[PDB]
Amino acid sequence: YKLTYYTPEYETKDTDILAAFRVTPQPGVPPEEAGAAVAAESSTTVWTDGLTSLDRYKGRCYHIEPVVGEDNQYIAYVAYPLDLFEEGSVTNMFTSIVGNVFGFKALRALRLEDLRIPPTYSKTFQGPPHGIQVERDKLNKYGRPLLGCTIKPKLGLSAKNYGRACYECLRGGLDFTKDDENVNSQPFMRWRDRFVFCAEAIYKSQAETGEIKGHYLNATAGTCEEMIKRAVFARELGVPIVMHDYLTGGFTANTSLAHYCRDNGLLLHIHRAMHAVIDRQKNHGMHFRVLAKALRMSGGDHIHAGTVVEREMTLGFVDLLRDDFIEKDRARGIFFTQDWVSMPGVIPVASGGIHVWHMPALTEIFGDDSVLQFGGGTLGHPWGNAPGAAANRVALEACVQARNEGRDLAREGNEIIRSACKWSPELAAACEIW
Amino acid sequence: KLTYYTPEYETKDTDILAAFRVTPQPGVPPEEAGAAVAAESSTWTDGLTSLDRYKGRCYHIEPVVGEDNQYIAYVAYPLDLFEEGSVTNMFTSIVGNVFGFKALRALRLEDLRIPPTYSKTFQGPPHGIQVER
Amino acid sequence: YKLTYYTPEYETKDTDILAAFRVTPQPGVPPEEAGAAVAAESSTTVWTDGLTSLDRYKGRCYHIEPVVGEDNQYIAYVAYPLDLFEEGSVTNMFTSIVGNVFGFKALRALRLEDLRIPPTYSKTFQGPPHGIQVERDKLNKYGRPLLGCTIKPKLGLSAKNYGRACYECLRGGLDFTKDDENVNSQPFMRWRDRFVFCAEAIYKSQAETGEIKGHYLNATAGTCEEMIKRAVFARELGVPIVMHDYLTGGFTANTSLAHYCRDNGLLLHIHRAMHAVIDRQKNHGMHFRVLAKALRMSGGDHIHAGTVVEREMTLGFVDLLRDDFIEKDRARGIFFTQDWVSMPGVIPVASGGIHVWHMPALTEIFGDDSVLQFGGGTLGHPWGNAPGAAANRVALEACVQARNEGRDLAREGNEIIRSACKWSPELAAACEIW
Amino acid sequence: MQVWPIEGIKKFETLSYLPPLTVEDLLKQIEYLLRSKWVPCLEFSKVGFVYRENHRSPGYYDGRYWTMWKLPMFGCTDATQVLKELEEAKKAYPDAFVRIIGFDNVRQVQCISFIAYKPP
Amino acid sequence: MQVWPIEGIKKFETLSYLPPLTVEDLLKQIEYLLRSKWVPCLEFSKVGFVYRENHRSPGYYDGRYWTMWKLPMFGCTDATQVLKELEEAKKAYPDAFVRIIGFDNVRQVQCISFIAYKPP
Ligand SMILES: NC(=O)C1=CN([C@@H]2O[C@H](COP(=O)(O)OP(=O)(O)OC[C@H]3O[C@@H](n4cnc5c(N)ncnc54)[C@H](OP(=O)(O)O)[C@@H]3O)[C@@H](O)[C@H]2O)C=CC1
Ligand SMILES: NC(=O)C1=CN([C@@H]2O[C@H](COP(=O)(O)OP(=O)(O)OC[C@H]3O[C@@H](n4cnc5c(N)ncnc54)[C@H](OP(=O)(O)O)[C@@H]3O)[C@@H](O)[C@H]2O)C=CC1
Ligand SMILES: [Mg+2]
Ligand SMILES: [Mg+2]
């Protein structure tokens, strides 16, 4: 029934989990009907229904409106009761909300845009093993975005040659180096060997520079036993941070890892491999912000957030990832006011074709609480990894200094970089190739 | 195309093969789209190894009958790229990054040729049809 | 039936495990019949046969030819289906192929010469805990064969006096010292005491020379519980390498040890005690190359490969142990093209009556990826162990330098050594006694 | 092609990769803190880098904490006041490193740290 | 009978047991790398030996990695070019050890390492 499930006068409860769906009904399906279907098919005739009160377990579409997106498209708001969800289980939340409704015939397409996670539910999750503040304090780093570099080539390098690249990058000024998402354990490089050599690299660069260093050691594995075995050895090595591909590994496994990291003081870097399979298309799937909120709940200290070179949408989920209270702002993809009631924030990681000239914009857009992850941006420096890292570290600090003085990074970006090239041969050499 | 488009490559019995339904952006030739799918889903430090030995490669491209601007690109991935017994790593390696490539309007993985050499590293069903019966 | 099991037109499958048997039929037994028997008796009338398809589980002789070996001798090729073997079990492979057929009355003698291990089967084995490349990187040793010495006398020495010999040998230039195969744990020297003193020796020599040192601590034991207990203490001591006699200890136990070493970063030196009981005679048994492939699969970082002072046969299984792809070459005992699909290689160990004058030939024949294990060759030096080790290290490097310059070690060997004697009193003294 | 130095260029996090700051540039950074409503504070040490002596477990390092110079300058509105304390510290401890940090009562946390003086 | 020295003869693996190489002998080893199609690279350090500071687990050692001098000399066909870099390194870091290593893109690995210079 449209009005069993379509309740336009329903007032959401502070304990409801709310969802904003972008719905594309099939021809001949009224919006009210589509909305009701979305709610009904993602929630609740058989005699057993008489042994309880279905009304207290049904999801309900309390609002639907034509959207400006495209052809016969609408945003439907659905409210789900708190009791439907298993405490601390992102897996069950996803299963309950997006487990079945996307295949409904009456819908040509469907995409989950946002979720309002009430305090009564979020409080049942540990959340980030540490969070932005704790991480800065643990690593003793303040006043600037963090810097990192992904080791290349992806596969093919020996564990030792891999560590060599790590050391050179780190000693040059980067805070972190990182295992590619595909690097777990393979014939050309078994994981334990990589952990050993990367540990030597981490400590060599730290002793040389005097600054705390780290390398996101990928613990992503085929099984939970293997995943933990890798985290355990990193723990033995005393390194500060490990890594996991939460989507390919899965939420059940990620949550377990997040708990291990909390119990052992390990920072957890989260890569979002395979997200585009789900969040690329505007008409169907789940927008990344939903996957981002899910990660903050399941647990992660860093999370890849994409590149900056749409901006407003990125800034939108960045706030959803770092802030305690985010006000409704559909212009930035925020369909619901979100209150995290003190759950720690996650540091967003920007990566993808970024180089020294992008430093002003990146610093400007993300602010200090971010990680700027380079690739060839550092490994492609004509003088090698150490000079490349130095060029990026110098470029970044030049931007920070200028911003702190009140200069406009968005307008004076190029001059700030050009000016820094005067006293930094490394930066100058980088600005000549890019 | 590139280092990535090798239309006469003979797949190895150990290669993991993928069939991608690719929808190129306007102005992106099917050959380039295919090479891109292979490159973006696989690959001074390159001098310390062999890029060819670890590159994914599009060995065949064909249009989709009845579809506008839609093609099926076949890509071959060497066995060494995958961690044994890990479906997680297989997904990460093949679909972890390529679906967001700007040169592609849309992308769908249609099938995967799992070579016996790789499947033998998985336990598989705890019991299976016959045992269950 | 000859043609149920003798299938000369059968095309081997890429998943079959192939075997090359040297068969000596009894008088009156046709070669086709002998071949069929070998296949049938090493594989597959009762009503139960009707509950399946015996054809898919039978081994088959697809080729037999008179061999040049001797009197009524033939090489029979047998193909076994992949499904007959338990994944990752060398024990089951041996049981399935050589468990019963050697006692068949119709055969006067039988010897397994080679095995074609398909990728589909080899991929189910961990293989070497580390392998050639990883070992070189872990120990930071490149460009030359490794050097070691077995402590003598075999038995009778106290644990401390044993360690004393270790230290002196190692400080002189050798990379390793080693427990005799018979040295496990006995009244005159209990294992834990030996591990303690050898550890002191390893670290004393390393600190003195600045080069990474090791001592193959024998973990071979009467039970798997004892074997692991010894590996565990070596792990606690932080030493780089342990040892096992895989044939006397057995494959089930060796595989477990190989797994422990992989999980704990320990190199595994493999001694082949008792191999001659099986691989000495050309008419019956199993050629060492089969035992070698078996070890690479079960797991080992080093494996004894014999001395060089028949050559072609040795070189044959050396390639089977180190390379990724070995082409068929019956002249070198390689009956099947073998592809290891990236399984790490094992370092071959040459030992047995070798001294300084043999360095040119050994370096020439084995190349850099080998371990040259001496005995009296170093312990018999007139000035003691340290000078003996120095003489061997100098002799080896002199050979490497000359080879690198393009000189012919096979023809200029003696001159190269004589020339090195000019600046090395230690080498000179060694060249006077041998 | 220039090789990045292996010694003599130890660092102190944010801003330590820029050339030595002048008095004017230093004042600007201090003003940044004041305008941001953050509380400046000086810290000093004769050991300028992190190390691991008491433990090597994840996240544990020695040498992160330095010694506080007096107290956080609450209610400071004149950046030159910080410079004055910096000069006193340098006089009392010329052989010590001195860094300027900032605190936010809003974020309830340390959010700034940059070197201000290094001994000869 | 001569007693093997306990000090002053610390080693650097392959070739370190031979007398100091002359410029000609050094060139020959470099040529060996070039003819073998391997890529030469220089590494330097003020600490010339392995040690164990951060861990003592099997296979873990500190001091194995040294610092890279510039980059691997890809496409090098003139051994004297390596000598030139060796001389520059010695000038920039006379109090540092310098070794020559080689890489193979085929074996995808480091396969060479020999000392080329030791400080006074
Ligand atoms: N020397 C040369 O030949 C040159 C090399 N390059 C340079 O090399 C460097 C490579 O590193 P960089 O690109 O920074 O980062 P990485 O290649 O490490 O990629 C990091 C992230 O970028 C995104 N990404 C990159 N490729 C794609 C793709 N095919 N489709 C979708 N998303 C993609 C992904 O983001 P997410 O996980 O968020 O989806 C990925 O996680 C750059 O600086 C590049 O400009 C390019 C030109 C010249
Ligand atoms: N001072 C003196 O009185 C003299 C002492 N010696 C010298 O002492 C040294 C002893 O050490 P070394 O011989 O190098 O090595 P070991 O005695 O340590 O033996 C190592 C390997 O040699 C092989 N081996 C040795 N003896 C036999 C045998 N009886 N039958 C079969 N194989 C055998 C085995 O190889 P595998 O495991 O591969 O089967 C064994 O593993 C030599 O240099 C020898 O010349 C001899 C003459 C004089
Ligand atoms: Mg990556
Ligand atoms: Mg022995």
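Atoms within each ligand, like the ligands themselves, are counted from 1 in listed order. Here is how names work: the chains are called A, B, and so on, in the same order as the sequence lines, proteins then strands, and each is numbered from 1. Both backbone and side-chain heavy atoms feed into the values below; hydrogens, waters and symmetry mates do not.
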Any chance you could lay out the side chain to side chain contact (heavy atoms under 4.5 Å, CB included) test for C:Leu268 and C:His244, step after step, and finish with the verdict? CA-CA 7 Å; C:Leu268 177 58; C:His244 189 228; 4.1 Å; yes
Given the rule in the salt bridge (charged side-chain N to carboxylate O under 4.0 Å, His left out) test, do C:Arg272 and C:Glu181 qualify, once you have shown the distances and angles that lead to the verdict? CA-CA 9 Å; C:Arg272 56 176 191 172; C:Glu181 66 266 32; over 6 Å; no
Steps toward side chain to side chain contact (heavy atoms under 4.5 Å, CB included) verdict (A:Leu155, A:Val183): CA-CA 7 Å; A:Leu155 313 182; A:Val183 169; 3.6 Å; yes
C:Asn254 vs C:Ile270, side chain to side chain contact (heavy atoms under 4.5 Å, CB included): CA-CA, chis, key distance, verdict: CA-CA 9 Å; C:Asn254 189 74; C:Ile270 302 296; 3.4 Å; yes
Checking C:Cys198 against C:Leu217 for the side chain to side chain contact (heavy atoms under 4.5 Å, CB included) test, could you report, in this order, the C-alpha distance in whole Å, the side-chain angles of both residues, the deciding distance, and whether it holds? CA-CA 8 Å; C:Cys198 286; C:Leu217 291 165; 3.9 Å; yes
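With respect to atom 20 (C) of ligand 1, the closest heavy atom belonging to the protein is A:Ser351 OG, 3.5 Å. Nearest protein heavy-atom neighbour of atom 39 (O) of ligand 1: A:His275 NE2, 2.6 Å. The protein heavy-atom contact nearest to atom 38 (O) of ligand 1 is A:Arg272 NH2, 2.6 Å. Looking at atom 41 (O) of ligand 1, its nearest protein heavy atom turns out to be A:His271 NE2, 3.6 Å. Given atom 12 (P) of ligand 1, the protein heavy atom at minimum distance is A:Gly353 N, 3.2 Å. Summary of contacts: the protein heavy atom closest to atom 18 (O) of ligand 1 is A:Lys152 NZ, 3.2 Å. Looking from atom 19 (O) of ligand 1 to the surrounding protein, the closest heavy atom is A:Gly352 CA, 4.5 Å. Among all non-hydrogen protein atoms, the one lying nearest atom 35 (O) of ligand 1 is B:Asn97 OD1, 4.3 Å.
The closest approach of C:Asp180 to the Mg ion (ligand 4), by N/O/S atoms, is made by OD1. When distances from the Mg ion (ligand 3) to the N, O or S atoms of A:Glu181 are compared, OE1 comes out shortest.
Looking at B:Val98 next to ligand 1, no N or O pair under 3.5 Å apart turns up. Checked by distance only, ligand 1 and B:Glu40 come closer than 3.5 Å through their nitrogen or oxygen atoms.
In this structure, atom 47 (C) of ligand 1 has no protein heavy-atom contact shorter than 4.0 Å. For atom 6 (N) of ligand 1, no protein heavy-atom neighbour is present inside the 4.0 Å cut-off. Contact annotation for atom 43 (O) of ligand 1: protein present (non-hydrogen atoms, distance under 4.0 Å). Put simply, atom 28 (C) of ligand 1 has protein non-hydrogen atoms near it, under 4.0 Å away. Within a 4.0 Å radius of atom 1 (N) of ligand 1, the protein contributes no non-hydrogen atoms.
Applying the 4.0 Å criterion to heavy atoms of B:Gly100 picks out, from ligand 1, the atoms 30 (N), 31 (C). Within ligand 1, counting atoms from 1 as listed, the ones closer than 4.0 Å to a heavy atom of A:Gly377 are 43 (O). Each of the following atoms of ligand 1 lies closer than 4.0 Å to a heavy atom of A:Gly376: 8 (O), 9 (C), 10 (C), 11 (O), 42 (C), 43 (O). Residue B:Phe101 approaches ligand 1 through these ligand atoms, each under 4.0 Å from one of its heavy atoms: 28 (C), 29 (N), 30 (N), 31 (C).
Formation of a donor-acceptor pair under 3.5 Å by the A:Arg332 side chain with backbone atoms of A:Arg311 is not found in this model. A:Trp357 places a side-chain N or O within donor-acceptor distance of the main-chain N or O of A:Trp434, the cut-off being under 3.5 Å. Although no hydrogens or angles enter the test, the distance criterion places a donor-acceptor pair under 3.5 Å between the side chain of C:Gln186 and the main chain of C:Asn184. When atom types are taken as modelled, the side chain of B:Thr88 and the backbone of A:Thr248 share a donor-acceptor pair closer than 3.5 angstrom. Remark: side-chain polar atoms of A:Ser351 are not paired, donor with acceptor, to backbone N or O of A:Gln373 under 3.5 angstrom.
Classified by interplanar angle (parallel below 30°, tilted 30° to 60°, perpendicular above 60°), the ring pair A:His269/A:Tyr216 is parallel.
Not close to ligand 1: A:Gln373, with no non-hydrogen atom less than 4.0 angstrom away.
Residue-level proximity to ligand 1 for A:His355 is absent, since no heavy atom of it falls below 4.0 angstrom. With a heavy-atom cut-off of 4.0 Å, A:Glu181 does not touch ligand 1 at all.
We find that A:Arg230 and B:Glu83 are joined by a salt bridge, their nearest charged nitrogen and carboxylate oxygen being less than 4.0 Å apart.
Counted by atom type alone, B:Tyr4 and B:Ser42 present zero donor-acceptor pairs between their side chains at under 3.5 Å.
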